Amino acid sequence: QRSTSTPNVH
Amino acid sequence: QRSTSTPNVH
Amino acid sequence: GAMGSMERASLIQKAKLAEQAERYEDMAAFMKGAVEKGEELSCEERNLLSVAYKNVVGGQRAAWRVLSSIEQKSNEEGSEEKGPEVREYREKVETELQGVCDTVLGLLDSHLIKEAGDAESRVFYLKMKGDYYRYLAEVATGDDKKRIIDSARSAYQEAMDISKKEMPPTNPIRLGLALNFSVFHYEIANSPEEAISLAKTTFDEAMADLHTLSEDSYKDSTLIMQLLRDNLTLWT
Amino acid sequence: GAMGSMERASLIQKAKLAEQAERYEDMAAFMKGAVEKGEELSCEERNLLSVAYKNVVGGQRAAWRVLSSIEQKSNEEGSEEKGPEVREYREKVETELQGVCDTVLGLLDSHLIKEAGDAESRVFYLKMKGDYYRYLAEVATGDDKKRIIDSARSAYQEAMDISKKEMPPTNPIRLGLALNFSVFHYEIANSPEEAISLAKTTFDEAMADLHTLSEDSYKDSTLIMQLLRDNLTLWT
Ligand SMILES: *SCCC(=O)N1CCC(O)(c2ccc(Cl)c(C(F)(F)F)c2)CC1
Ligand SMILES: *SCCC(=O)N1CCC(O)(c2ccc(Cl)c(C(F)(F)F)c2)CC1
Ligand SMILES: [Cl-]
Ligand SMILES: [Cl-]
Ligand SMILES: [Mg+2]
Ligand SMILES: [Mg+2]
Ligand SMILES: [Mg+2]
Ligand SMILES: [Mg+2]
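So the protein sequences, as listed, match chains P, P', A and A'. A prime marks a further copy of an entry chain.
Numbers 255 to 264, taken from the authors' numbering, label the letters of the first sequence in order.
Numbers 255 to 264, taken from the authors' numbering, label the letters of the second sequence in order.
Numbers -4 to 231, taken from the authors' numbering, label the letters of the third sequence in order.
Numbers -4 to 231, taken from the authors' numbering, label the letters of the fourth sequence in order.
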């Protein structure tokens, strides 16, 4: 499983 | 709600 | 054509890779290249062509509906006028959608349909022709909406005539054609009673033939029969 | 540039429409056109640029991983050799991904970063530079993988130096930068201990500052803090 990066915020 | 048409089958 | 230098078999291989990668624009371009090699398509290859373009036009249809809704709202009493941009962008997406439909219809006319003699291939292609005229109808508003609807109707009808003569009532090609023609009647042609009657008769005639089927074929047929039922539940 | 004839404000309006329609390639093209007008971007406009390109490159990264996995499997003892097509198509997608990264890096270098003097804009852009070098690093294998990694590292480090001087430890820009730099350390730079230490210190320093925040800001900060925690749970 890959690390979580900053997601989009609409 | 729109009617259902034939879906893709992979 | 940019696929003219690639082997037919390589185009089909890459269409399958694009499908796995959910790269449906690529998948459609690969399949267009394969069709333009000029050989008829196998059942698996016809399905790849259909899957690719249905996904491409499906994204466009979804986007077009979002933009058309925004435009319709912008055009109502009490809506602050916001300039030409919504219309412009809806028109851009609409033109791209019509282009995809025209490309598919072009492949069917040059020359998939005329070379398709078996019922399974010919009905598949005529159903596709009806489907892509139906997608054109969904966005048509000018003089040609009537003629686009009639073109869809004519293709579906030719397909139906062949399917009823040449295919059992549980055949999945026949069932999906009837499903989509019933959608045409309800959503495009303002004929909900015809849509209901077609869906009901199709369902009932398939039910009566299920006893002839293997487990695997029974699963295929009943899955499409469920979609007919879903629509009948929506429509009634 | 095909957007050269469109008003800046119209490009931003259409970027927002494209976002609503989930048409992220269009959204990115509109925002590229807006950037190329040469004026600095507001915080909402910077966010539109980021959302658009992150969605575009995200689809490419997902597709590239699927194709690279297939290629790796095809290249193992006992794998029936199937020709050059998997490699060719993986290379096609990889080249398109690198192109998107190069386009974003080009906009940052010409001239978003050099005109960005406030901490909130400058840190945002330097983080973006680190992010798109990191996406390049994910597919790099030749001579330049080391130099690509160092470019990512350098951009993140400049951004970190500014954020620690100029922003409170709960600031969402600062928190997301630290999150992404920790991902760089773990996933790219083979430095999991640095990744863990950064994520832990970032989380703890933000926790201690939450008492200063409004309800709305508390929600923003704790959402990103949760992502740091998720990674620490994955990593330990
Ligand atoms: S091989 C030429 C026909 C073809 O390729 N078809 C016809 C109809 C099928 O749509 C189909 C088959 C089985 C099921 Cl369960 C479904 C559906 F229920 F719609 F998922 C569709 C596939 C393509
Ligand atoms: S206005 C310049 C900064 C900017 O536009 N940003 C910085 C970080 C934000 O990512 C952000 C804000 C709030 C939340 Cl809850 C998140 C996240 F938790 F990741 F969803 C991210 C948005 C863009
Ligand atoms: Cl437009
Ligand atoms: Cl290729
Ligand atoms: Mg008013
Ligand atoms: Mg039009
Ligand atoms: Mg073998
Ligand atoms: Mg390469």
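Just so you know, even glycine gets a beta-carbon here, dropped at the ideal spot from N, CA and C.
Item: If you count every other CB in all the chains shown that lies within 10 Å of the CB of residue 239(A'), and 16 or more means buried, which is it?; Value: Outside the shown range of chain A' (-4 to 231) lies residue 239(A'), about which nothing can therefore be said.
Item: By a C-beta neighbour count over all protein chains shown, 10 Å radius and 16 as the cutoff for buried, is residue 185(A') buried or exposed?; Value: exposed
Item: Work out the CA separation of residue 160(A) and residue 114(A) for me, nearest whole Å.; Value: 9 Å
Item: Hey, would you say the C-beta of residue 38(A') is under 7 Å away from at least one heavy atom of ligand 1?; Value: no
Item: In chain order, which alpha helix (DSSP H) runs of at least 4 residues are fully inside the stretch 52 to 140 of chain A?; Value: 80 to 102 and 114 to 134
Item: Is the stretch 167 to 176 of chain A' touching the stretch 219 to 230 of chain A' in the sense that three or more CB pairs, one from each, lie closer than 8 Å?; Value: yes
Item: At the level of alpha carbons, what is the spacing between residue 1(A) and residue 81(A')?; Value: 14 Å
Item: Using only Cβ atoms and a threshold of 5 Å, which residues come within that distance of a heavy atom of ligand 3? Order them by chain position.; Value: 83(A), 84(A) and 87(A)
Item: Residues of the stretch 31 to 64 of chain A' with a CB closer than 8 Å to any CB of chain P: list them in chain order, please.; Value: 42, 45, 46, 49 and 50
Item: Chain P partners of residue 225(A'), CB-CB under 8 Å?; Value: 258
Item: Counting only Cβ pairs nearer than 7 Å, list the residues of chain P close to residue 182(A').; Value: 256 and 257
Item: Let me make sure I understand the geometry here. Which of 62(A), 72(A), 19(A) and 227(A) has the alpha-carbon closest to that of residue 226(P')?; Value: There is no way to answer for residue 226(P'), as the model of chain P' reaches only from 255 to 264.
Item: Kindly confirm or deny that the stretch 128 to 143 of chain A and the stretch 102 to 110 of chain A touch, where touching means at least three C-beta pairs closer than 8 Å.; Value: no
Item: For the structure I just gave you, are there three or more beta carbon pairs, one from the stretch 87 to 97 of chain A and one from the stretch 41 to 60 of chain A, closer than 8 Å?; Value: yes
Item: Taking the alpha-carbon positions, what's the residue 38(A) to residue 152(A') distance?; Value: 56 Å
Item: Should residue 81(A') be flagged as near chain A, meaning a C-beta pair shorter than 8 Å?; Value: yes
Item: What are the residues in the stretch 12 to 23 of chain A lying within 8 Å of chain P' by C-beta distance?; Value: 14
Item: Report all residues from its chain with a CB closer than 8 Å to the CB of residue 14(A'); omit the five preceding and five following residues, and keep chain order.; Value: 22, 43, 46 and 47
Item: Does at least one heavy atom of ligand 8 sit under 7 Å from the Cβ of residue 136(A)?; Value: no
Item: List the endpoints of the continuous alpha helix (DSSP H) containing residue 33(A').; Value: Element bounds for residue 33(A'): n/a, residue is neither H nor E.
Item: Who are the neighbours of residue 9(A) on chain A', taking C-beta pairs under 7 Å?; Value: 80 and 84
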